[PDB]
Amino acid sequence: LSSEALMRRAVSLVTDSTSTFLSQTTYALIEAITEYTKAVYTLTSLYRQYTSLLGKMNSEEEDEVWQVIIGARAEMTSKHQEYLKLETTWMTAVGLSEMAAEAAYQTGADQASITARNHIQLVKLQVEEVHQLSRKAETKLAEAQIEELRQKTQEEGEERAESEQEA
């Protein structure tokens, strides 16, 4: 084959292989953000349960619920860290596919170039959507934590006031 045919053959393999790597890393990242989002919802549920139990637990039971919350936080943290690692690799996969698209363009393989660029846009949209879902969960967690603190503050103020008047 001619030099230009050899360059086109080679760039086609580069675009196919970087497309595959981008798809795999996108799938893994989306799965990891999903698992983190589930852990955020679990913790949010725990804060809400804990809030509903305030005033209603002996000191040992309260300590035990708090330990479960500490454990649920560890799980959420570990899932967050795992997705951040995968997201780092995914960013490299996106840059590789961008460079592959430029190589395809420069060699005159325009269909490979445009298809790669469409693929990068699609996976960015997909990752943005899963991030939006995660932020919805994080908002609910923040709300739950704020309500717990607001209630705990009221509880401690009530218990002070009781202790004083009792005395």
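Note that residue numbering begins at 1 and tracks the sequence as displayed.
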For the C-alpha atoms alone, is the average B factor greater in 48-56 or in 96-104, going by the entry?
-> 48-56
Comparing 142-150 with 155-163, the higher average Cα temperature factor in the PDB entry belongs to 155-163
Pick out which of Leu29, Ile120, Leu43, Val65 has the highest C-alpha B-factor in the PDB entry.
-> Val65
When the CA B-factors of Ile70, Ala39, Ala109, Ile33 are compared as recorded in the entry, which is the largest?
-> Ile70
Divide the modelled residues of the chain into thirds by Cα B-factor and specify which third, lowest, middle or highest, holds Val14.
-> lowest
Rank-wise, by C-alpha B-factor, drop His131 into the lowest, middle or highest third of its chain.
-> middle
